[PDB]
Ligand SMILES: [Co+2]
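Numbering (the authors' numbering), first residue to last: 1 to 120.
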């Protein structure tokens with residue numbers, strides 16, 4: 001199945017957001033990232049995707065379709081706005097093995113706050 005995500009300058013959680021910022025998926029699903037506002041992209045964060053998953057980075061302002069294969073958690077960022085909190089968490093399958101690791105990993109404060117919200 002397909003899950004659509006909007007990339008926005010402003011949304012419910014404040015400035016520079018993915019909506020939704022929590023995406024539940026299964027292997028073989030697609031996540032479609034739509035640049036509703038300009039100035040955004042999607043990029044996998046180093047050491048915060050499952051072992052065996054391929055790294056990815058879209059171009060600024062492109063519609064990007066991600067196919068997810070490996071189970072686990074994926075933290076993705078908008079490259080220009082990572083420091084402003086623009087992230088999403090994709091959970092593929094049940095009980096992602098690397099979720100606690102991602103929560104503990106070094107990242108900007110605003111990112112950590114937003115991440116803890118989405119998990120909660
Ligand atoms: Co952005």
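Even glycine gets a Cβ: it sits at the ideal position worked out from N, Cα and C.
Neighbour-count burial assignment, residue i, 16 or more Cβ in a 10 Å radius
i, result
"residue 35", "buried"
"residue 25", "buried"
"residue 28", "exposed"
"residue 31", "buried"
"residue 14", "exposed"
Member of the options whose CA lies at the smallest distance from the CA of residue i
i, options, result
"residue 106", "119, 38 and 75", "75"
"residue 101", "62, 47, 9 and 22", "47"
"residue 6", "70, 88, 98 and 79", "88"
"residue 8", "70, 1, 41 and 113", "41"
For residue j and residue i, the rounded distance between their alpha carbons
i, j, result
"residue 49", "residue 68", "11 Å"
"residue 94", "residue 72", "8 Å"
"residue 16", "residue 112", "15 Å"
"residue 77", "residue 109", "14 Å"
"residue 11", "residue 21", "11 Å"
Expected contact under 8 Å - CB spacing of residue i and residue j to nearest Å
i, j, result
"residue 44", "residue 59", "Contact flag wrong, Cβ pair sits at about 14 Å."
"residue 61", "residue 38", "5 Å"
"residue 119", "residue 23", "Going by Cβ atoms, the distance from residue 119 to residue 23 rounds to 13 Å, so no, they are not a contact pair."
"residue 66", "residue 33", "7 Å"
In chain order, each beta strand (DSSP E) run of at least 3 residues that lies wholly inside the stretch 28 to 58: 30 to 35
With a floor of 3 residues, list each beta strand (DSSP E) that falls wholly inside the stretch 63 to 101, ordered by position along the chain. 64 to 67, 72 to 77 and 87 to 92
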